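These notes concern the structure reproduced below.
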Amino acid sequence: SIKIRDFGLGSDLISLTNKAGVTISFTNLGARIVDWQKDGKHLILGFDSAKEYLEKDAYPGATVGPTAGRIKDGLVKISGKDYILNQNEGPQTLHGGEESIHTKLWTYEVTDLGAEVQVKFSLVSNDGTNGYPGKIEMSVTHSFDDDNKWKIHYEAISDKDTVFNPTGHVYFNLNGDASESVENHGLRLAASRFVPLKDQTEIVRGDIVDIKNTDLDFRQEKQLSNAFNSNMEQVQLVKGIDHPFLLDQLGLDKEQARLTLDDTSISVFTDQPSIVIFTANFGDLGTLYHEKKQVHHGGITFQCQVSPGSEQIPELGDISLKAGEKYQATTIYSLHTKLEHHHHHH
Amino acid sequence: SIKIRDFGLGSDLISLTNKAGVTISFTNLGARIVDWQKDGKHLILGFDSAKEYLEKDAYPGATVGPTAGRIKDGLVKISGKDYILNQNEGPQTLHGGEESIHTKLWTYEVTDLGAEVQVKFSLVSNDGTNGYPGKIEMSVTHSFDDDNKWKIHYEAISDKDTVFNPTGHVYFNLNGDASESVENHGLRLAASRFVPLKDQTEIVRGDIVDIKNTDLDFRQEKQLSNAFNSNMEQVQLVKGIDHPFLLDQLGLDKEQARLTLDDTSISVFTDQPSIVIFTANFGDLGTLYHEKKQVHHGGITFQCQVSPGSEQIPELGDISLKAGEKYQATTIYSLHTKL
Ligand SMILES: OC[C@H]1O[C@@H](O)[C@H](O)[C@@H](O)[C@@H]1O
Ligand SMILES: OC[C@H]1O[C@@H](O)[C@H](O)[C@@H](O)[C@@H]1O
Ligand code: NA
């Protein structure tokens with residue numbers, strides 16, 4: 001079933017319940033996921049109204065872009081030309097600049113396919129918005145089906161050569177409580193390399209490093225605590241994880257990551273080459289989620305996209321988008337129960 | 001009473017009914033007025049869903065900007081520098097360029113003051129959007145009261161020197177039906193001059209013209225048909241009226257214009273210096289409003305703002321907005337019924 005109601009400030013909340021009783025909800029403010037529950041338990045982080053997002057943290061569950069991540073000095077090269085984008089983090093352009101797409105009300109239409117329900121959000125980024133050549137006609141379709149798969153499908157076409165590499169900013173916390181650290185979760189991730197950051201500004205260092213057999217190696221499932229407790233330079237730098245991991249094998253058909261807690265698992269599939277993992281390294285900020293003070297490490301993202309830093313590390317990819325060319329990207333998060341045995345204590 | 005409902009594509013329809021039983025409705029799609037009715041008759045033109053506006057005509061009732069009207073060649077100069085804005089009508093920038101603020105979903109908040117209810121719409125125009133320096137934080141407040149006064153109050157702040165001169169694009173039609181020409185309405189307007197158009201491109205011609213004692217003199221109430229049947233080259237040029245009229249006396253307290261049909265009249269007040277009057281000169285287009293095919297001359301606007309063409313005729317004013325300055329504008333449409 002599908003339900004809709006005002007979510008505040010003119011945004012709406014679209015709630016779907018599939019045949020298995022699982023419910024998931026989205027808002028057109030930032031074409032974002034607001035909640036995902038199983039048996040009354042929140043699987044992700046979210047707020048209860050639109051205003052909270054605007055006042056507390058606008059990123060959670062949002063669609064971010066046009067370019068996700070940081071671009072050093074806000075400088076990109078588009079068809080031999082240098083362009084400077086809005087700089088909202090020091091000289092850096094983070095997540096598309098200020099008052100970006102995650103802060104706008106997108107229009108939308110719901111399509112009921114029975115076993116699947118699609119919520120297609122649309123927005124036009126005008127030419128020159130935040131320094132980006134356009135216009136860019138974007139759409140993000142969020143769908144949920146009877147198989148417990150939440151899929152995000154992105155599409156875009158620009159009138160001019162530009163750059164495009166958006167992502168989905170959901171945070172998971174299988175504890176269903178922000179005040180509980182995700183160090184108790186098990187993580188499997190099919191990636192043998194990562195992109196180190198230069199320093200506190202978080203721009204890329206310039207090299208790609210092999211992480212096999214270090215505390216960041218999750219090719220074989222291990223608890224997140226292993227990473228959090230690590231004193232490896234990079235972990236200490238950011239007080240957790242806040243990095244792009246390069247997938248070893250590409251393709252929508254492969255389970256790239258799996259996050260488990262007891263009997264619940266979330267599997268990640270995508271057609272993108274990297275996954276930026278940020279573990280809510282907010283220290284004592286304590287943003288309130290459902291009246292619970294969020295803890296350091298109280299959430300984890302799996303932002304699938306082309307890795308940030310390609311400006312400096314060309315091997316990472318090319319995010320350019322040619323005029324008239326159709327962009328597409330697909331990321332899927334699937335929920336499972338008793339996929340494996342995970343019985344630990346922390 | 002206030003009622004909020006889905007208006008399509010995620011947009012909302014906010015309807016306010018005052019003590020007199022008059023109903024006015026707005027949508028956050030373009031911070032716009034959708035309907036205004038008394039005793040079951042529509043006083044303005046509007047559609048029944050968001051999709052219609054997008055498919056048929058996105059301008060009716062909307063907040064248009066950042067700059068309302070046409071800018072020759074899309075060119076403006078800011079702090080002595082040339083800037084080219086998005087061109088959406090040939091080389092001109094009309095109503096802020098393509099996919100402008102009238103096509104965006106604005107956020108909003110309703111404030112019930114009892115005798116008056118306000119709906120405050122907000123939107124951020126990012127720096128560089130359609131060529132305009134910013135970011136510009138804008139808000140438009142539409143309010144309605146028990147005295148039948150519909151007021152629009154604009155506010156904006158920019159992080160950078162830029163240009164700003166928005167307007168409200170409601171079309172009135174006291175016949176309550178689009179298939180009926182407004183030629184039968186009487187119009188009074190406190191302006192002795194107007195700004196002629198150069199040609200069919202509708203860019204300003206360059207001069208300011210005195211209209212005293214011509215078919216366009218409405219200082220004394222007159223029926224629109226007069227203007228409409230005029231042989232004035234400017235009338236002939238656009239097939240009706242599509243021009244900026246310069247108000248003789250500035251100030252919000254003065255009734256600047258009045259539109260009448262029978263027992264019903266609309267008074268216009270504004271703190272702006274000009275009113276752009278466009279009489280829906282669409283010929284056979286036949287846009288459908290409420291299933292009624294619109295006729296040529298089936299509507300009239302009162303776009304209060306600084307006259308378009310200031311790029312070429314500086315006497316008209318200056319639409320620059322310096323960084324950090326707060327822009328304000330107010331326009332009121334007051335409804336009256338003779339007893
Ligand atoms: O929400 C703010 C956070 O956004 C994440 O996507 C970035 O990776 C973090 O470095 C940043 O602190
Ligand atoms: O909606 C399009 C119309 O907008 C009006 O404000 C302009 O004055 C007309 O020239 C134009 O045809
Ligand atoms: Na809505």
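The analysis underlying the following values was restricted to heavy atoms, covering all of them including side chains, and did not include hydrogens, waters or symmetry mates. Proteins get letters first, then strands, A, B, ... in listed order; numbering begins at 1 in each. We count ligands from 1, going down the list as the structure has it; atoms in each ligand are counted the same way.
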(request) For the pair B:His297 and B:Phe228, name the ring-plane relationship: parallel under 30°, tilted 30 to 60°, perpendicular over 60°. (result)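 Rings of B:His297 and B:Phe228: parallel, as their planes differ by under 30°.
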Minimum side-chain heavy-atom gap [X]-[Y] below 4.5 Å:
X	Y	result
B:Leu224	B:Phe218	yes
B:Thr270	B:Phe302	no
A:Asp242	A:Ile277	no

Tell me which protein heavy atom sits closest to [atom], plus the residue, atom name and distance to 0.1 Å.
atom	value
atom 2 (C) of ligand 1	A:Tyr59 CD1, 4.1 Å
atom 6 (O) of ligand 2	B:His169 NE2, 2.7 Å
atom 3 (C) of ligand 1	A:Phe278 CE2, 3.9 Å
atom 11 (C) of ligand 2	B:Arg70 NH2, 3.7 Å

(message) Is there a ring-ring contact (aromatic ring centres under 6.0 Å, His included) between B:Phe282 and B:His296? Walk through the geometry before answering.
(response) CA-CA 5 Å; B:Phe282 310 108; B:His296 182 62; 8.3 Å; no
(request) Could you please compute the angle at the Na ion (ligand 3) from OD2 of A:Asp12 to OD1 of B:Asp12, rounded to 10°? (result)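 Reported to 10°, the angle equals 150°.
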(message) Looking at the Na ion (ligand 3), is there an N, O or S atom belonging to B:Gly10 that lies under 3.0 Å away from it?
(response)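 A backbone or side-chain N, O or S atom of B:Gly10 is under 3.0 Å from the Na ion (ligand 3).
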(message) I need the atoms of ligand 1 closer than 4.0 Å to a non-hydrogen atom of A:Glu202, numbered in the order shown.
(response)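 Answer, ordered by atom number: 10 (O).
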(request) Could you list the atoms of ligand 2 found under 4.0 angstrom from a heavy atom of B:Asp242? (result)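 What qualifies from ligand 2 is 7 (C), 8 (O), 9 (C), 10 (O).
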(request) Would you mind running through ligand 2 and noting each atom that sits below 4.0 Å from a heavy atom of B:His95? (result)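 The list of qualifying atoms is 4 (O), 5 (C), 6 (O).
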(message) Can you confirm whether or not the ring centre of A:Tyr333 sits under 6.0 Å from the ring centre of A:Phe172?
(response)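 Yes; A:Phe172 has its ring centre under 6.0 Å from that of A:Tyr333.
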